[PDB]
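Numbers here simply count residues along the sequence, with the first being 1. When reading the values below, keep in mind they use all heavy atoms of this one structure, side chains included, and skip hydrogens, waters and symmetry mates. Order of listing sets the numbers, starting from 1, for every ligand and every atom in it.
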Amino acid sequence: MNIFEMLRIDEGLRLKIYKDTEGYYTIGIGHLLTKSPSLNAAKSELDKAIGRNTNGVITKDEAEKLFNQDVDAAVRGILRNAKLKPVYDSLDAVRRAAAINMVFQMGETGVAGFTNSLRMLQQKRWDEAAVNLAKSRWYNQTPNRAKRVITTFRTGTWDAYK
Ligand SMILES: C1=Cc2ccccc2C1
Ligand SMILES: [Cl-]
Ligand SMILES: [Cl-]
């Protein structure tokens with residue numbers, strides 16, 4: 001198992017513009033195109049990202065190219081984040097994957113109100129953090145996915161994904 005496989009399972013793969021769990025236009029492997037309600041805005045964002053007139057449809061290759069860029073961006077974001085970096089650096093390789101999944105899904109900004117969980121994680125208090133992470137909108141909204149990421153932090157193994 002790895003970050004790419006882990007996110008591919010959590011995000012799935014769609015080659016035509018769709019709406020995410022929050023109703024935002026997305027495509028590929030969880031690549032958010034826009035928050036705006038305009039499909040056209042979404043199709044324009046799409047062409048701009050791909051570099052061609054896509055018409056709302058991309059290839060598998062193109063989807064995967066976006067995925068790579070997004071995986072990289074996320075890590076790079078965590079590393080530039082002063083609030084995040086230190087936590088992330090304290091973690092073992094499996095848990096780091098879990099931390100990227102979260103940022104990938106909700107952004108640096110989404111992962112902001114997680115201060116108390118961050119601190120518990122940094123402290124290596126797994127069970128307590130597991131509990132704290134569950135008390136969140138994220139958990140209530142996407143419970144199955146949240147349980148997986150949580151188990152991953154709790155255990156430090158890929159069990160939830162196997
Ligand atoms: C959730 C935990 C954590 C730890 C380090 C970096 C980013 C994240 C997100
Ligand atoms: Cl992009
Ligand atoms: Cl879910």
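- At distances below 3.5 Å, at least one donor-acceptor pair connects side-chain atoms of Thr152 with backbone N or O atoms of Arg148.
- The nearest heavy-atom contact from the protein to atom 8 (C) of ligand 1 is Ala99 CB, 3.5 Å.
- Of the protein's heavy atoms, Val111 CG1, 3.4 Å lies nearest to atom 9 (C) of ligand 1.
- Of the inter-residue distances, the one linking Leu91 atom CG with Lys124 atom NZ reads 5.5 Å to the nearest 0.5 angstrom.
- Between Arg119 and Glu128 there is no salt bridge, since none of the side-chain N atoms of the basic residue sits less than 4.0 Å from a carboxylate O of the acidic one.
- Interface atoms of ligand 1 facing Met102, defined by a heavy-atom separation under 4.0 Å, are 1 (C).
- Looking only at heavy atoms of the protein, atom 2 (C) of ligand 1 is closest to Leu118 CD2, 3.5 Å.
- Across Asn81, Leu79, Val87, heavy-atom proximity to atom 4 (C) of ligand 1 is greatest for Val87.
- Under 4.0 Å is where a charged nitrogen must lie from a carboxylate oxygen, and between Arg8 and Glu5 no such pair does.
- Counting only distance, with no hydrogens or angles, the side chain of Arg95 and the backbone of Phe153 share a donor-acceptor pair below 3.5 Å.
- Atoms of ligand 1 found under 4.0 Å from any heavy atom of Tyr88, numbered from 1 in the order shown, are 5 (C), 6 (C).
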